[PDB]
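So that we are looking at the same thing, I have put the structure below in structure tokens.
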Amino acid sequence: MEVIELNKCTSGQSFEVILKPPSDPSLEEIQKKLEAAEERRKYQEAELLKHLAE
Amino acid sequence: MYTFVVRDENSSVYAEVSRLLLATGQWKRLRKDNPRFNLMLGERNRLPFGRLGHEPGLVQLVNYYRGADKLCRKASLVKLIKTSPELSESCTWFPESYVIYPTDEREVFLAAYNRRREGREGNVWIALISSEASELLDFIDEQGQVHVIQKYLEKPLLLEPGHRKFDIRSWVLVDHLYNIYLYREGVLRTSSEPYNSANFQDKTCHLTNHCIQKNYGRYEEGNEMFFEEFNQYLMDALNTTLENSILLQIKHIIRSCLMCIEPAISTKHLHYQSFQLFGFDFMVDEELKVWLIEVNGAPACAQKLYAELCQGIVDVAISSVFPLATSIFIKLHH
Amino acid sequence: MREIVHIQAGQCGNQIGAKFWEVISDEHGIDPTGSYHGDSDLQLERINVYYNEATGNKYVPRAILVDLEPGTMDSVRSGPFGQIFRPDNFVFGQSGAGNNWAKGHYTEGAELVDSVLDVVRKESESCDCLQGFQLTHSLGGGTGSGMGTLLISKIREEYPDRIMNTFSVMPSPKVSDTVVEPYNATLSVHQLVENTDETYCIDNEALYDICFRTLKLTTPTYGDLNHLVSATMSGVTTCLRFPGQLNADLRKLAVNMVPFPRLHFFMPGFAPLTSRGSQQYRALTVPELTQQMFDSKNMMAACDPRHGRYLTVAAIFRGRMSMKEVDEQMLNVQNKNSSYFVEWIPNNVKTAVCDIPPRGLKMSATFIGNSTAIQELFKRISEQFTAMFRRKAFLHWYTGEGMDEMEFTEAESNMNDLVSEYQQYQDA
Amino acid sequence: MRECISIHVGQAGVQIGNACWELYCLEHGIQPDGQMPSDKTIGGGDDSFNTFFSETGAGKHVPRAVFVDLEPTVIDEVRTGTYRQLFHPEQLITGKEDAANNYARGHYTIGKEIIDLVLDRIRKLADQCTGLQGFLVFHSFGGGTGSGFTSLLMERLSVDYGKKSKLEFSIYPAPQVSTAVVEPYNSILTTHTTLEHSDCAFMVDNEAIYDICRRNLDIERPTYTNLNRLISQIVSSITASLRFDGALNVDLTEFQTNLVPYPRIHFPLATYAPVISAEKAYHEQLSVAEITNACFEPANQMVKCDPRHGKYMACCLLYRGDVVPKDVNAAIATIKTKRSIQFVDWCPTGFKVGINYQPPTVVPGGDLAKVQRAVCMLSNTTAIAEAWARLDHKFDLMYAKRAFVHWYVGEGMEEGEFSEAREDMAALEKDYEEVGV
């Protein structure tokens, strides 16, 4: 019903119409997660090359 | 071949619907958690509406309207009325009802108790049934849950011989297109023990519930009067017909209730599709004025009427969406 | 992820292998000379997957030819497309493996394996981005069975992070050379479970039955069998060979088809089924192709898919056809037969349509299915194994090459493990 | 003037990026070779379009964009495409082998080797920025790269540019245009890692876009191009206020203010109207009332869900074309009385309206017809959680049997991360519950 904050210009116009009132991990933490996953890859590859050695 | 799932344990109605669907030889029931269905006969609580109408190559239909709980839960129905301009407090087919929360409208409730005290006229309300205001408030906080305080109909229509009380159940099917179908057969749940006039404390003659009544089966079989026997009684006792005196108001109450919620619940332009069977509970008084008690989301049907109504659901709610490779309902036009 | 290295080992391996290169060279428009002669740029856009660009604009199949017997590899060299193969890539022994897995894996084939790996390495070093390897071989012989699985094991050690793909030919009494074929197959399966990423289970029983019952040929040859093999092999490689709406990839197939690392044995399937030379004139409609490719009559492994459940399916349709009709039919199969697909892997069928049809057929369809019904194939081999092994029969051919009874019990156990593992998900 | 950097990750990100930058060029009158005749301050400037395009002494206008894929095929088509001169090759980054539909391969394995090169190329564009405000990230939920690499990049961008705002444009997976069976896994994994690092996220369900192309554009089987030209229209509508003179949504911080009250619940539903076929011969042009009414039809939404069964927290209406405030207010008045628009008790039942008089631009030859007026409604509704429930259930089916898990564990990821990601999602579902019912 009420039309507030009406701004006009050449490009267009904008407004608000209210009908009713109311009632992060660090760089070191990233590297420690990424490298621990490379450790588990390297362990699995080594265990595979150990099995193939046998 | 069409595919369906059953997810309701208790539903004797949709147990019969699934039975009739398999019997046609074109519907295969799948396991409960199989997502690849045409039809869902879903659960009473927490139905996963958000999952429906998302499987490619399948038209999906469900036996519940989402948001229809706003008409079927006691506290919701009262709020919808005293809110929906389509109805508003200026109602005549509904009784004076109030919502009370246990530790809200208590300022409004006490103002109605005072003005009824002023004229000294009947000040009786319902949940047990009592006359005093503060002797009922102790019951609400004792039980735990939120309950509704409704104006008790002190002068109801009485069946003779017996000097009794009754309530009418109507079965209403709303299809995917939002056609409102009223089933031509209803039922009268009767109290065999004569209705007490002054004493409020009595239990069996005041409430007419099939479960709580079980004098059982004294006048008619299982305290249930069908529509032909009640029409005949009204013709002899009151010189009028069931069609004129009671049924016109019933049709108006059903139509007004579902028209109100249509913008909120209709599946007209949705990815999934809804039908629903409703149970409307009515009350006829001495002056043949019809009152609404409540609406049932998962209604139970009368034992003699199962085979015809469940075939009717298959006919206009299911086979209209899924054709097979006449009308037992009254359409309430809008 | 582009270059695939193809290896063919033994009599069956080289015969189905030669036929594959014969079929796919025609599809990419390559003559026996190695020169391109086709009339479409779409034939060359992914030719780097299986061909190497030669001196003066010629293509050379990236492949390696392996046998312990010089017999079969001479037949390839003198055959129709024999001149296309790089001469250096022919690696042969002399004395043969005499249907002996032990001779293949441990003794005769141990001598030759390092020569093969030098050829593999020379081919792998040329590759811009190596995808992995594909082996064609039977599991009933000595060379393809014994030495094939040895090569696999050695290739895995040198290239631990690449894909292992096999076209493994399963033996059947209906098309049987020696009595010791159930032994060779069981020892080979043990290896494939551990060391391959994807295995197409081409079953000789199924190929025979298709040739006998469906194709109405009374006495089928190996050529009649290998016609069906090459038709399937083309079909299951189409997406890697031609551009599509999905960037098709041997790793992406493994990731999407294999829910559990051991269960990586696929039922290949083809529609329509056709005998050699004799052409069909009525082109099949999209609903007909879809109905056939899922029917057990059209499966390359003699298992009844109704006896099990599909874990994952991949389908490839070839021809000029309505892509919407393909989607509709594929969804109709899944919605009419939803019990035969597992509920616990949502949307477990993927479909592709390629515009280029195979030779002869106007429109065709190829099936790749990871069904639990494949246990029937392994149970069959297991039953034939026990019949002999309960009396230690024919075992002296193996123990004389240094093998022990222990290794046979281990192989039997691991196959029975795989059977009960597939069984676990047919109830889940 | 504050600049915005666009990051496009994976096939879906890159290709949607293509359609968007193609469209931005047609709107601002910028040609394939980067020239702009309408621009008078050659060499630089601080106009509203300069938010997205930087200038060179040659007179070229270069997109403030970086395209990253772990695989050459897609970006090579940018390098050889019709807008090849528009970008300097340093903006276009490609690896050797892709993440093969695997989140863990994109996040941990192939991510680690390329991450430092990407952040360095981002810094190279950030150092051309006199006052950078933040980023727009274009990706898929279901790709290996799209889920894996994006989540890592979002983590790192919170370290290197903590002050700045991040915005997501995400492609929610649909079986109708699927590429992978593990798309539910990838989707839950990425959301968990991205949720705290994303300020506002625009979900585009491929199902909804596919159906709009079928229903309103009469295409039997929509291509990726068909979807991308439609998605870019919606993207353009959302980003228009940053590229054009206006007073609503002038910066990325204002997107958070206007659309995101609760920081976790940051998925506003976009709805667009009208989508009209170009090959359609006779069309009656739709009014302000008609197009606003379409914003409340589920068929026109970017995600199929029912906002009648949920609550609003914020509502933006963004108009392009012949639209005046009088006609808008009259449409809102009529709609409010007919439809179930329920807000949360702690929010004003309001609409923030923005109009740009220049009607939406279409790609010549494309499927979208020229219209006199169009609207994009951005509404933060709790109904979007339906898309979460759908995806979570699909996750639950596979994970119950630990199916495909080995592919992730085999890339160094731990099985515990799956169930950590899933419990975060179940927390999010119940956050929407508290607000919604």
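As written, the chains take the letters A, B, C and D, and residue 1 is the first residue of each chain.
Keep this in mind: a residue touches a chain if its C-beta (ideal position, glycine included) is under 8 Å from a C-beta of that chain, and two chains touch if they have at least 3 such contacts.
Each chain gets a centre from its C-alpha atoms; the one nearest the centre of all protein C-alpha atoms is D. Separating the CA-averaged centres of chain B and chain D is a span of 46 Å.
Measuring from the averaged C-alpha position of chain B to that of chain C gives a distance of 64 Å. Chain geometry summary: the mean Cα position of chain C and that of chain D are 43 Å apart. Residue positions 33, 56 of chain B are each in touch with at least two other chains.
Of all residues in chain C, those that touch two or more other chains are 327, 343, 346.
Contact of a single residue of chain A with at least two other chains is seen at no position. This structure has the following touching chain pairs: A-C, A-D, B-C, B-D, C-D. Only residues 153, 156-157, 160 of chain C touch chain A when the two sit together in their complex. The touching residues of chain B, when paired with chain D in their complex, are 33, 48-51, 53-56, 66-67, 263-265, 269-271.
Residues 1, 3, 30-31, 33-36, 56-58 of chain B are the ones that touch chain C when the two sit in their complex. For chain C in complex with chain D, the residues that touch the partner chain are 1, 129, 245-247, 249, 251-252, 255-256, 258-261, 312, 323-324, 327, 343-348, 350, 425, 428.
Looking at the complex, you find that chain D touches chain C at residues 11, 71, 73, 96-98, 100-102, 175, 178-182, 184, 220-221, 224, 394, 397-398, 400-401, 403-404, 406-407.
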